[PDB]
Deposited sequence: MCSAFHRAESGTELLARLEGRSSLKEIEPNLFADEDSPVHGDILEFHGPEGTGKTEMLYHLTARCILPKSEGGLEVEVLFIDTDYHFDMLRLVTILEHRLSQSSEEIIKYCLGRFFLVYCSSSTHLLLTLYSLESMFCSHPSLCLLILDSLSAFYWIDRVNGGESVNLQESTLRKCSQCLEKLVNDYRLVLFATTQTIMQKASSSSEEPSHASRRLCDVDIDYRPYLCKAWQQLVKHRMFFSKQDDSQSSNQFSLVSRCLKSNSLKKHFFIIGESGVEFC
């Protein structure tokens, strides 16, 4: 049974005591606001051993910007651990997975193959997708004036994700970018009908996080700072 969202992050989901069944969340904000820092915070919580405050559940990470900094992750894990050593961090990393996707078609091919991963790793109960909006500009040109043609591949990936999230009760933390102009939707409808919570990031170092929950149309606000130890919720 997947752990409830209120356990993954008590400082964001303080009213989600029920076990999760295929929820989806999204991050949105300008550059250098902390979207990738949060994914390190959540990733650290889920791979650390239970003796050190973690949950001990594997994680899968999908990258399409090539911005994943291995050193920045490891420096966090050594800090958080009470007594960090090389032979300890090895096991902490042993529950982390990574893939790179170069184009929407490559991503779609990867998704159809990821069906085999979860059939072999039942503990894999988290899924992260960085910069879902990487191929927007390229694809919007190859599709011509016909909107249906512009979004064809992005729609298929959306239909694939929803199928994976429910067959195995995962949590998807997608990430997007502020490319046009608070909020300005540009992705397809086949995807925007899936997101439950949409969270926004701002800059002033103090970072302010605003959460909107379309499940109940409730708005909140949080604060946090980024230090050498990672994210700290005020």
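Taking the deposited sequence as numbered from 1, list the residue ranges that were left without C-alpha coordinates. Unobserved in coordinates, per deposited numbering: 1 to 19, 201 to 221, 245 to 250.
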